[PDB]
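Trainee: My questions all concern the structure below.
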Amino acid sequence: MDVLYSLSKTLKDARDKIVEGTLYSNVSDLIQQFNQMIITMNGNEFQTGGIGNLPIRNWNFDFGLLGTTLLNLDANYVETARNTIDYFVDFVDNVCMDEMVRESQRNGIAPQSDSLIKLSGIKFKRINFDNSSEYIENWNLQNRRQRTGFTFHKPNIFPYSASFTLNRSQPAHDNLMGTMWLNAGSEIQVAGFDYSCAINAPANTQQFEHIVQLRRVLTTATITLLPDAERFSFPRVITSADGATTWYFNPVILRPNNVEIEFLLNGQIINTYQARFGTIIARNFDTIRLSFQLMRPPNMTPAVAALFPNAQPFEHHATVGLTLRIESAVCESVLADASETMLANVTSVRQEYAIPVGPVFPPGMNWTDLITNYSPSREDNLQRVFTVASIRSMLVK
Amino acid sequence: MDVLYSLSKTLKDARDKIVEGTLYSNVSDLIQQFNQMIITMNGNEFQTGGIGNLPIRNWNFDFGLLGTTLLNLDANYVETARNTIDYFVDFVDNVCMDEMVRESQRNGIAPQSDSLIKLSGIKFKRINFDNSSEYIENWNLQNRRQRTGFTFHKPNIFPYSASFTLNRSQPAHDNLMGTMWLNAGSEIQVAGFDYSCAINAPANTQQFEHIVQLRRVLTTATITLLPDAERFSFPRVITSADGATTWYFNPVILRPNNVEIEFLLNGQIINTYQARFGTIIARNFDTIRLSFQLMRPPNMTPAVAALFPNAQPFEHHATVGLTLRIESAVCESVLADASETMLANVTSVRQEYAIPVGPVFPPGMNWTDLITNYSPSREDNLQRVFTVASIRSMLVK
Amino acid sequence: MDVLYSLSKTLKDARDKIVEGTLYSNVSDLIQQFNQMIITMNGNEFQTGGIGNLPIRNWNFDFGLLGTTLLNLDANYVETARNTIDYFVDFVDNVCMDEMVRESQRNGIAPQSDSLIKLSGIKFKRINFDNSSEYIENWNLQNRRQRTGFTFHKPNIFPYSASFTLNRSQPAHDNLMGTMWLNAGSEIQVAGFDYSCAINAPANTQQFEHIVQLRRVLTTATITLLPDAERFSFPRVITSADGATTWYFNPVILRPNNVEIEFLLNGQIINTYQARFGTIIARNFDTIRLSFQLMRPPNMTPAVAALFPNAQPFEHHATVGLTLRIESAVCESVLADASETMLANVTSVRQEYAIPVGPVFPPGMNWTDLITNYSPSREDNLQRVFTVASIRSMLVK
Ligand SMILES: [Ca+2]
Ligand SMILES: [Ca+2]
Ligand SMILES: [Ca+2]
Ligand SMILES: [Ca+2]
Ligand SMILES: [Cl-]
Ligand SMILES: [Zn+2]
């Protein structure tokens, strides 16, 4: 993997650096590395493709070195360099694509592709240079078994699920207290509702909890908590848990009470925030538990009093909601995120060449399926593909 | 354009690299390039400005080289270097600003500015070095007619439009089925509504479609699909298509049914997703067609049954909605996006110097106007300004 | 601060660059800098920690140089290098953490930590190299008193506040016109409501204003304006300004009228946008004033007419709303933002070692408290911690 990165990294620098009219000193070190790459590559045959719709290509390297005598580079020098760069960029691109579409249950980390396997051989190690990328650096650390972290803006950590639970239920479905939620992407929305409005409830208060457990630990996250949920604040007709019938939800929205958010790792509270809205920091967590309460208003003006009356039927149902978004976090595992293009790159290559379903990855490379049962085997496989995708993007965007 | 980039790129590196107490070896290659820039620049006169409120400046270069003999740099060396760097940073800044405010219908790609025209002359080519930026690299590829892509987080691709269509209409405006939408930025929201609730409708089902066509093709995009639209879920009084009268919309929200999203390029479906929510990938597309259906509930509890009754008047109107956001994509054309600062930079310079309206660009450099009729002429002009803006930001943020 | 940056910067490059099998030419300049760092460091003792729960560590440097004779690096060379790199990475990490947790009212900019104070001494200046980071570059400019800017995606500029004002009020709280808002993060939402619907109002029109004043000036921002506010579009029971009673808000939503947004700096309008939605640019501002009007519909279909009737009670209350998000801006002061991880890093270190409350910073390092009274003293302190946090992230993520 490291060797493949360097081939790309060199080719990229060669493209940026070798420009007509530039001083030789600017590119002298680069010319040496580029040449060393040609010497190592030369005389080897590489075969890629033949899986799915991906064509089989044979790659042959027999190139001359670049000159080291000009003071400033010229159009001639640049043209010669380009021909070598082009053939090389194409090979790397293909080697990457071939890697991207494979997976192994037993040894996910090891390179699947024949071309990648050949490179990881001893002779080629010379090509290796300058592994400064966030993905390569992380790749290097993992082999040494050191700590690593990827930084995500809007981490994609919550598999999509929308649901509700009815804490008190009737067939009439006319006097219900339950929470409903959406967890999608980096955003959690939780709503607690009482049809009664807690007129019965001891202390006149109703207590709701949502607990969300993440697949992977997150560190140094930045999050926003907002009182209320926009999503669950409008009237809906809702299909039913059994699936038999449909209830009706009509809400009136009251400020949540006695809110707490707890961020827990192994069930020790690490961070706890009470009645705090806006940006908050959770340093380390694997679970979030949100607690909020519905409190009946002790004093009501006349219009309010009409809304909540002492016995059914109740027209308007009291709801309290929270919204939590993780803006950025750090993970020790790769995840899809808003900014990065890796899931998109891997998914697209697989889609285009009609790769058949593979044991390691859910069909279509669906994120929700993948994040839902994100096993160690999947994690190994995901990183190897992601790194190659990153490598590929250096050259082919 | 390439020469201008290097002037900037050198000046930037000179600022980062030439610091007091540093080893000469660290900056030796840089000193050579910096000096070469001084030799090339020296003896030339450049004139900029005089368009709008932008002042006319005359630029004269007569500077000595930097020394190459110290072991570690010192306060003296740094002070001398700074004076040259300052004059140079100012010139570049101005040359850029002068470029930013001009445009041509006939030859948008070619540099408009007198200063930029002079630089693109043969002698100056020597200054050229190290074109590694995403904007410069893309600039280089386009001249060679190779494939290019810019990567956007939250691409700004949908011109702002909010509208509705009434599929069934009455002057009473009391029994209406129609879709309403918002397309803004990277976000599409579509809502389908039936006042009847489809009690009449064949199969008890009502089918809605929204088709959105983008101005430019997008590749390897990451998108979120969420059932329901928050925007169209609350009651509104709406002005009317003729503009004569106003209707009333009151919605009750039901899960959309038989949802499909299709991503099409030249009217071949490239990607199709059915009943899938959360993150999905569209590898290549120029059109999105969203299809969803409204299905009357076969079974209704008593409160639900009250909501939809067999003949008018109907108090509550059934609605089904979708939300689609493109988190990140790749385009072969420049676009405004959430992260980048180029539209802001170009627009601000034009605003500040009171540049008169130009044929190529809509007045005020408005994005919606620009994206709405994003012609080849505009695209050429947009990139040249954007690259200069990027160049300028290296030095002047 | 500059010296600390370089120690880190060197160590980072040493980790990326010194890899087995690489050509010596690739790392020769680096080896020279790395060695120079060892020579400067050697023979000095540094003590860190002892504040809060942070352990006291003693640091001793006595290391040999790296060899300069191999053609390509080998496993041996790499292993030797790593041992030096490790001890060094640990020290830097600790020096940073020690810096992060301190603050001074009197001299915020100067380094608080004993280790940092020792480094800023004359002998160590030699280590200094290559200050190219956005944070370090900004640090350098500020000392020279030059202009600086940080670029934020989703700047965190509005302290969280949710409120309302009642322009016309009754104890009944049954005929009210008032605005309500949320300002959180980079997002401003404003809603104007009339229970009457302006049937009384002169010209049949009702005019609302929201004025928001930011703590720091912002330049070249990109913003989205959307008609309507999702947040205030659903019915709520609201506690009351006195806190005594609760009113009831039920809204019907009408398009805002005669919208203007003004961006002002020192109370001169810099940018003014009328009836413009979608992306707009504000080049320079310290205040936003949003103006919108509620206009009674001259023509109403029968269902609409029912909604607004001539005398109380009024069931449905007319509302008009605006949403404004700043996607990206530039500030001359550091701010928390969606992408960056600095507030999270500083906050987490303080949380973990149980640092006692400090005079400069609000307890818990809360952003809303900090942004609300963002004094010059806080700003000085915030930057020094932020730069160290950035430095630390180079090495320890
Ligand atoms: Ca765990
Ligand atoms: Ca309602
Ligand atoms: Ca097309
Ligand atoms: Ca000011
Ligand atoms: Cl975002
Ligand atoms: Zn973002």
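As shown in the structure tokens, the chain order sets the letters A, B, ...; within each chain, residues go from 1, and ligands are also counted from 1 in the order they appear.
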Could you give me the residues within range 169-276 of chain B that DSSP places in strand (DSSP E), as a tab-separated table (two decimals) with N, CA, C and O atoms, in the first residue's frame?
Mentor:
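The resulting selection-v9.tsv:
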chain	number	residue	atom	x	y	z
B	177	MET	N	-54.92	19.21	-5.47
B	177	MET	CA	-53.75	18.34	-5.41
B	177	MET	C	-52.63	18.95	-6.25
B	177	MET	O	-52.79	19.16	-7.45
B	178	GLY	N	-51.50	19.22	-5.61
B	178	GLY	CA	-50.36	19.82	-6.29
B	178	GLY	C	-49.07	19.57	-5.53
B	178	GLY	O	-49.10	19.24	-4.35
B	179	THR	N	-47.93	19.75	-6.20
B	179	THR	CA	-46.67	19.60	-5.52
B	179	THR	C	-46.21	20.99	-5.26
B	179	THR	O	-46.54	21.87	-6.00
B	180	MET	N	-45.45	21.20	-4.19
B	180	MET	CA	-44.70	22.43	-4.00
B	180	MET	C	-43.29	22.11	-3.64
B	180	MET	O	-43.02	21.12	-3.00
B	181	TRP	N	-42.37	22.97	-4.06
B	181	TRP	CA	-40.95	22.72	-3.87
B	181	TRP	C	-40.19	23.93	-3.45
B	181	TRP	O	-40.65	25.02	-3.60
B	182	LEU	N	-39.02	23.69	-2.88
B	182	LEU	CA	-37.95	24.67	-2.78
B	182	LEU	C	-36.69	24.06	-3.34
B	182	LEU	O	-36.31	23.01	-2.92
B	183	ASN	N	-36.05	24.70	-4.30
B	183	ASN	CA	-34.70	24.31	-4.66
B	183	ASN	C	-33.78	25.46	-4.31
B	183	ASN	O	-33.89	26.51	-4.87
B	184	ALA	N	-32.91	25.29	-3.34
B	184	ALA	CA	-31.94	26.31	-3.03
B	184	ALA	C	-30.63	25.69	-2.67
B	184	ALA	O	-30.60	24.72	-1.97
B	185	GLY	N	-29.54	26.26	-3.17
B	185	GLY	CA	-28.22	25.72	-2.92
B	185	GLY	C	-28.11	24.28	-3.39
B	185	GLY	O	-28.49	23.95	-4.52
B	187	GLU	N	-29.75	21.90	-1.82
B	187	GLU	CA	-30.87	21.22	-1.19
B	187	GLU	C	-32.14	21.28	-2.03
B	187	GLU	O	-32.53	22.34	-2.51
B	188	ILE	N	-32.78	20.13	-2.19
B	188	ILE	CA	-34.06	20.04	-2.87
B	188	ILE	C	-35.10	19.51	-1.90
B	188	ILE	O	-34.91	18.47	-1.29
B	189	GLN	N	-36.21	20.23	-1.77
B	189	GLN	CA	-37.34	19.76	-0.98
B	189	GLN	C	-38.59	19.70	-1.84
B	189	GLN	O	-38.96	20.69	-2.47
B	190	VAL	N	-39.25	18.55	-1.86
B	190	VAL	CA	-40.46	18.38	-2.65
B	190	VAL	C	-41.61	17.85	-1.81
B	190	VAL	O	-41.45	16.89	-1.06
B	191	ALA	N	-42.77	18.48	-1.93
B	191	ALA	CA	-43.96	18.04	-1.22
B	191	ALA	C	-45.14	17.80	-2.16
B	191	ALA	O	-45.43	18.63	-3.02
B	192	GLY	N	-45.82	16.67	-1.99
B	192	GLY	CA	-47.02	16.38	-2.75
B	192	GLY	C	-48.23	16.40	-1.85
B	192	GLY	O	-48.23	15.79	-0.80
B	193	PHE	N	-49.27	17.13	-2.24
B	193	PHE	CA	-50.47	17.25	-1.41
B	193	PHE	C	-51.80	16.96	-2.10
B	193	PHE	O	-52.01	17.41	-3.21
B	194	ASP	N	-52.70	16.24	-1.43
B	194	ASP	CA	-54.08	16.03	-1.91
B	194	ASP	C	-55.13	16.48	-0.91
B	194	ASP	O	-55.24	15.91	0.15
B	205	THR	N	-54.59	5.75	-4.52
B	205	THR	CA	-53.20	6.14	-4.51
B	205	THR	C	-53.03	7.39	-5.36
B	205	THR	O	-53.69	7.53	-6.37
B	206	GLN	N	-52.15	8.31	-4.94
B	206	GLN	CA	-51.89	9.48	-5.76
B	206	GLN	C	-50.40	9.59	-6.03
B	206	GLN	O	-49.59	9.50	-5.10
B	207	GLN	N	-50.03	9.78	-7.29
B	207	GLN	CA	-48.63	9.75	-7.68
B	207	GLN	C	-48.09	11.14	-8.03
B	207	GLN	O	-48.65	11.84	-8.87
B	208	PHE	N	-46.99	11.51	-7.38
B	208	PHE	CA	-46.34	12.77	-7.64
B	208	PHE	C	-44.97	12.59	-8.24
B	208	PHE	O	-44.33	11.60	-7.99
B	209	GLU	N	-44.55	13.55	-9.04
B	209	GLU	CA	-43.19	13.61	-9.56
B	209	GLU	C	-42.61	15.01	-9.46
B	209	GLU	O	-43.29	15.98	-9.71
B	210	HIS	N	-41.35	15.12	-9.11
B	210	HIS	CA	-40.58	16.34	-9.28
B	210	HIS	C	-39.42	16.01	-10.16
B	210	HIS	O	-38.76	15.06	-9.91
B	211	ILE	N	-39.17	16.77	-11.20
B	211	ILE	CA	-37.95	16.61	-11.97
B	211	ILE	C	-37.11	17.87	-11.88
B	211	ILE	O	-37.58	18.96	-12.15
B	212	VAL	N	-35.86	17.71	-11.51
B	212	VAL	CA	-34.91	18.81	-11.42
B	212	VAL	C	-33.79	18.57	-12.39
B	212	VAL	O	-33.23	17.52	-12.40
B	213	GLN	N	-33.48	19.55	-13.22
B	213	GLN	CA	-32.40	19.42	-14.17
B	213	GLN	C	-31.27	20.35	-13.80
B	213	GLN	O	-31.47	21.53	-13.75
B	214	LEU	N	-30.07	19.82	-13.55
B	214	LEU	CA	-28.92	20.67	-13.25
B	214	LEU	C	-28.17	21.25	-14.43
B	214	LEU	O	-28.12	20.67	-15.48
B	215	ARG	N	-27.60	22.42	-14.23
B	215	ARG	CA	-26.87	23.13	-15.26
B	215	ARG	C	-25.60	22.46	-15.72
B	215	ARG	O	-25.21	22.61	-16.86
B	216	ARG	N	-24.95	21.72	-14.83
B	216	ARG	CA	-23.69	21.07	-15.10
B	216	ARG	C	-23.76	19.67	-14.57
B	216	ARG	O	-24.43	19.45	-13.62
B	217	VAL	N	-23.03	18.74	-15.19
B	217	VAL	CA	-22.93	17.36	-14.71
B	217	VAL	C	-22.15	17.24	-13.41
B	217	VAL	O	-21.17	17.95	-13.19
B	218	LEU	N	-22.58	16.33	-12.54
B	218	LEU	CA	-21.93	16.10	-11.25
B	218	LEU	C	-21.52	14.64	-11.10
B	218	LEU	O	-22.26	13.74	-11.47
B	219	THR	N	-20.33	14.41	-10.54
B	219	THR	CA	-19.81	13.05	-10.39
B	219	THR	C	-19.39	12.71	-8.96
B	219	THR	O	-18.86	13.55	-8.24
B	220	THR	N	-19.65	11.46	-8.57
B	220	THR	CA	-19.26	10.95	-7.26
B	220	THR	C	-19.82	11.77	-6.10
B	220	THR	O	-19.14	11.97	-5.09
B	221	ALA	N	-21.05	12.24	-6.26
B	221	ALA	CA	-21.72	13.00	-5.22
B	221	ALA	C	-22.16	12.14	-4.04
B	221	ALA	O	-22.46	10.96	-4.21
B	222	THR	N	-22.21	12.73	-2.86
B	222	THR	CA	-22.77	12.08	-1.68
B	222	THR	C	-24.01	12.85	-1.27
B	222	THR	O	-23.96	14.07	-1.11
B	223	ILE	N	-25.13	12.15	-1.12
B	223	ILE	CA	-26.41	12.81	-0.89
B	223	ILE	C	-27.21	12.18	0.25
B	223	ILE	O	-27.06	11.00	0.55
B	224	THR	N	-28.06	12.99	0.88
B	224	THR	CA	-28.97	12.49	1.90
B	224	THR	C	-30.40	12.67	1.45
B	224	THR	O	-30.77	13.73	1.02
B	225	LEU	N	-31.17	11.61	1.58
B	225	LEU	CA	-32.57	11.60	1.30
B	225	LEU	C	-33.29	11.39	2.61
B	225	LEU	O	-32.98	10.49	3.33
B	226	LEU	N	-34.23	12.26	2.94
B	226	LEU	CA	-35.01	12.11	4.16
B	226	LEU	C	-36.49	12.10	3.84
B	226	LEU	O	-36.97	12.94	3.08
B	227	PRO	N	-37.24	11.08	4.47
B	227	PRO	CA	-38.68	11.15	4.15
B	227	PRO	C	-39.30	12.39	4.76
B	227	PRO	O	-38.95	12.75	5.88
B	236	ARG	N	-49.95	27.36	5.67
B	236	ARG	CA	-49.65	28.65	5.03
B	236	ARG	C	-50.79	29.25	4.19
B	236	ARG	O	-51.59	28.54	3.64
B	237	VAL	N	-50.83	30.57	4.08
B	237	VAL	CA	-51.68	31.25	3.14
B	237	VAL	C	-50.79	31.58	1.96
B	237	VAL	O	-49.77	32.22	2.12
B	238	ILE	N	-51.18	31.16	0.76
B	238	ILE	CA	-50.32	31.26	-0.39
B	238	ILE	C	-50.88	32.13	-1.49
B	238	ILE	O	-52.03	32.02	-1.81
B	239	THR	N	-50.07	33.01	-2.04
B	239	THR	CA	-50.50	33.89	-3.09
B	239	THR	C	-50.73	32.94	-4.22
B	239	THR	O	-50.39	31.80	-4.09
B	246	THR	N	-55.67	34.35	-2.91
B	246	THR	CA	-54.79	33.51	-2.10
B	246	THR	C	-55.48	32.28	-1.61
B	246	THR	O	-56.53	32.39	-1.05
B	247	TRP	N	-54.89	31.10	-1.77
B	247	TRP	CA	-55.44	29.91	-1.14
B	247	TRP	C	-54.97	29.64	0.26
B	247	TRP	O	-54.24	30.39	0.83
B	248	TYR	N	-55.44	28.54	0.82
B	248	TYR	CA	-55.06	28.14	2.15
B	248	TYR	C	-54.60	26.71	2.13
B	248	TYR	O	-55.25	25.85	1.57
B	249	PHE	N	-53.45	26.45	2.74
B	249	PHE	CA	-52.88	25.13	2.77
B	249	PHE	C	-52.79	24.73	4.20
B	249	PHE	O	-52.21	25.42	4.98
B	251	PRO	N	-51.69	21.19	6.22
B	251	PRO	CA	-51.35	19.82	5.86
B	251	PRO	C	-51.33	18.83	7.01
B	251	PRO	O	-51.08	19.19	8.13
B	252	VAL	N	-51.59	17.58	6.71
B	252	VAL	CA	-51.34	16.53	7.66
B	252	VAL	C	-50.40	15.60	6.92
B	252	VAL	O	-50.54	15.43	5.74
B	253	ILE	N	-49.42	15.06	7.60
B	253	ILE	CA	-48.28	14.48	6.95
B	253	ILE	C	-48.28	12.98	7.08
B	253	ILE	O	-48.38	12.46	8.15
B	257	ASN	N	-44.89	7.03	-0.25
B	257	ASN	CA	-45.01	5.64	-0.55
B	257	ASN	C	-44.35	5.33	-1.84
B	257	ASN	O	-44.38	6.13	-2.74
B	258	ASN	N	-43.75	4.17	-1.93
B	258	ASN	CA	-43.21	3.75	-3.18
B	258	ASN	C	-42.30	4.82	-3.73
B	258	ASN	O	-42.40	5.17	-4.89
B	259	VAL	N	-41.42	5.34	-2.89
B	259	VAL	CA	-40.46	6.36	-3.30
B	259	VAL	C	-39.40	5.80	-4.22
B	259	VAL	O	-38.89	4.73	-4.00
B	260	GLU	N	-39.07	6.54	-5.26
B	260	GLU	CA	-37.91	6.24	-6.07
B	260	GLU	C	-37.18	7.51	-6.31
B	260	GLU	O	-37.79	8.54	-6.41
B	261	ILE	N	-35.86	7.44	-6.38
B	261	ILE	CA	-35.06	8.51	-6.90
B	261	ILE	C	-34.26	7.97	-8.05
B	261	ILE	O	-33.75	6.89	-7.98
B	262	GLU	N	-34.20	8.72	-9.13
B	262	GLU	CA	-33.49	8.32	-10.32
B	262	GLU	C	-32.52	9.40	-10.65
B	262	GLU	O	-32.85	10.56	-10.62
B	263	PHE	N	-31.29	9.02	-10.95
B	263	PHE	CA	-30.29	9.98	-11.33
B	263	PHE	C	-29.97	9.66	-12.76
B	263	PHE	O	-29.61	8.56	-13.05
B	264	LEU	N	-30.13	10.63	-13.65
B	264	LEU	CA	-30.06	10.40	-15.08
B	264	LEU	C	-29.05	11.26	-15.78
B	264	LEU	O	-28.84	12.39	-15.42
B	269	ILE	N	-31.10	6.11	-17.05
B	269	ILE	CA	-31.02	6.11	-15.62
B	269	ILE	C	-29.64	5.60	-15.37
B	269	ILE	O	-29.25	4.60	-15.93
B	270	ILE	N	-28.88	6.31	-14.56
B	270	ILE	CA	-27.61	5.81	-14.15
B	270	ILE	C	-27.76	5.15	-12.81
B	270	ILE	O	-27.28	4.09	-12.61
B	271	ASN	N	-28.42	5.81	-11.87
B	271	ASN	CA	-28.57	5.27	-10.54
B	271	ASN	C	-29.99	5.34	-10.10
B	271	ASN	O	-30.60	6.34	-10.26
B	272	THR	N	-30.53	4.26	-9.56
B	272	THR	CA	-31.89	4.28	-9.09
B	272	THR	C	-32.01	3.71	-7.70
B	272	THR	O	-31.55	2.62	-7.44
B	273	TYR	N	-32.62	4.45	-6.79
B	273	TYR	CA	-32.76	4.02	-5.41
B	273	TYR	C	-34.20	3.96	-4.98
B	273	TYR	O	-34.91	4.94	-5.07
B	274	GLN	N	-34.65	2.82	-4.47
B	274	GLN	CA	-36.05	2.68	-4.08
B	274	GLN	C	-36.28	2.44	-2.62
B	274	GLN	O	-35.80	1.47	-2.08
Trainee: Applying 9 Å and only C-alpha atoms, which residues near residue 393 in chain C remain after dropping the ones on its own chain fewer than 2 positions away? List them as a short mmCIF file (atom, residue, chain, number, x, y, z; two decimals) with N, CA and C atoms, in the first residue's frame.
Mentor:
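Written file, out.cif:
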data_model
loop_
_atom_site.label_atom_id
_atom_site.label_comp_id
_atom_site.auth_asym_id
_atom_site.auth_seq_id
_atom_site.Cartn_x
_atom_site.Cartn_y
_atom_site.Cartn_z
N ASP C 93 4.21 17.22 23.06
CA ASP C 93 2.83 17.02 23.36
C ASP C 93 2.52 17.58 24.70
N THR C 341 -11.08 21.81 14.93
CA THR C 341 -11.17 21.07 16.17
C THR C 341 -10.54 21.71 17.38
N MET C 342 -10.19 22.98 17.31
CA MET C 342 -9.53 23.65 18.41
C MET C 342 -10.26 23.88 19.71
N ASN C 345 -10.32 20.61 21.29
CA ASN C 345 -9.05 20.24 21.87
C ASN C 345 -8.70 20.94 23.14
N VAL C 388 -1.40 26.60 19.98
CA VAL C 388 -0.77 25.44 20.61
C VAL C 388 -1.57 24.19 20.29
N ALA C 389 -2.89 24.32 20.31
CA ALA C 389 -3.77 23.20 20.01
C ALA C 389 -3.55 22.74 18.58
N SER C 390 -3.39 23.70 17.68
CA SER C 390 -3.11 23.40 16.29
C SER C 390 -1.76 22.70 16.17
N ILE C 391 -0.80 23.17 16.95
CA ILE C 391 0.52 22.63 16.92
C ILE C 391 0.43 21.21 17.38
N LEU C 395 0.92 16.51 15.66
CA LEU C 395 1.61 15.37 16.21
C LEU C 395 0.72 14.39 16.89
N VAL C 396 -0.23 14.87 17.65
CA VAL C 396 -1.11 14.03 18.43
C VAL C 396 -2.53 14.27 18.01
N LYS C 397 -3.04 13.45 17.11
CA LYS C 397 -4.46 13.46 16.85
C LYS C 397 -4.98 12.10 17.24
#
Trainee: Name all residues at most 10 Å from residue 356 in chain A (count only C-alpha atoms; drop same-chain ones fewer than 5 positions away) and give them as an NGL selection string.
Mentor: :A and (51-53 or 101-102 or 350-351 or 363-364)
Trainee: Can you list every residue in range 57-240 of chain A that DSSP puts in alpha helix (DSSP H), as a ChimeraX atom specification?
Mentor: /A:75-100,114-119,134-143
Trainee: Choose the residue, out of C:152, C:124, C:24, C:139, that has the smallest atom-to-atom separation from ligand 6; count only C-alpha atoms and all ligand atoms.
Mentor: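 Checking each of C:152, C:124, C:24, C:139 against ligand 6, counting only C-alpha atoms and all ligand atoms, the winner is C:152.
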Trainee: Just the number, please: distance in Å from CA of residue 127 in chain C to CA of residue 37 in chain C, one decimal.
Mentor: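 About the pair CA of residue 127 in chain C and CA of residue 37 in chain C: they are 5.4 Å apart.
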Trainee: Once you count only C-alpha atoms and all ligand atoms, which residues end up within 8 Å of ligand 5, and could you hand them over as number ranges by chain?
Mentor: A: 154, 327, 338; B: 154, 327, 338; C: 154, 327, 338
Trainee: Here is a test: counting only C-alpha atoms and all ligand atoms, which residue of A:240, A:159, A:315, A:80 is nearest to ligand 2?
Mentor: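 Of A:240, A:159, A:315, A:80, the one nearest ligand 2 is A:315, counting only C-alpha atoms and all ligand atoms.
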Trainee: Within 6 Å of residue 16 in chain A, counting only C-alpha atoms, which residues qualify if same-chain residues fewer than 4 places away don't, as a PyMOL selection string?
Mentor: chain B and resi 130-132
Trainee: Those selected residues, please, written with N, CA, C and O atoms and delivered as an mmCIF file, in the first residue's frame.
Mentor:
data_model
loop_
_atom_site.group_PDB
_atom_site.id
_atom_site.type_symbol
_atom_site.label_atom_id
_atom_site.label_comp_id
_atom_site.auth_asym_id
_atom_site.auth_seq_id
_atom_site.Cartn_x
_atom_site.Cartn_y
_atom_site.Cartn_z
ATOM 1 N N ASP B 130 6.248 25.204 -9.793
ATOM 2 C CA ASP B 130 5.430 24.532 -8.775
ATOM 3 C C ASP B 130 3.893 24.702 -8.761
ATOM 4 O O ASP B 130 3.325 25.056 -7.732
ATOM 5 N N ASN B 131 3.211 24.445 -9.870
ATOM 6 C CA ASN B 131 1.769 24.689 -9.921
ATOM 7 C C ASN B 131 0.925 23.570 -9.300
ATOM 8 O O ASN B 131 0.269 22.812 -10.005
ATOM 9 N N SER B 132 0.943 23.479 -7.972
ATOM 10 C CA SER B 132 0.282 22.384 -7.257
ATOM 11 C C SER B 132 -1.128 22.613 -6.693
ATOM 12 O O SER B 132 -1.718 21.693 -6.140
#
Trainee: For ligand 2, which of C:250, C:68, C:169, C:268 is the closest residue, counting only C-alpha atoms and all ligand atoms?
Mentor: C:250
Trainee: B:199, B:31, B:300, B:136: which is nearest chain A, counting only C-alpha atoms?
Mentor: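 Nearest to chain A: B:300.
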Trainee: Please list as a list in words every residue within 7 Å of residue 105 in chain A, counting only C-alpha atoms and excluding residues in the same chain fewer than 5 positions away.
Mentor: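 Counting only C-alpha atoms, the residues come to residues 359, 360 and 377 of chain A.
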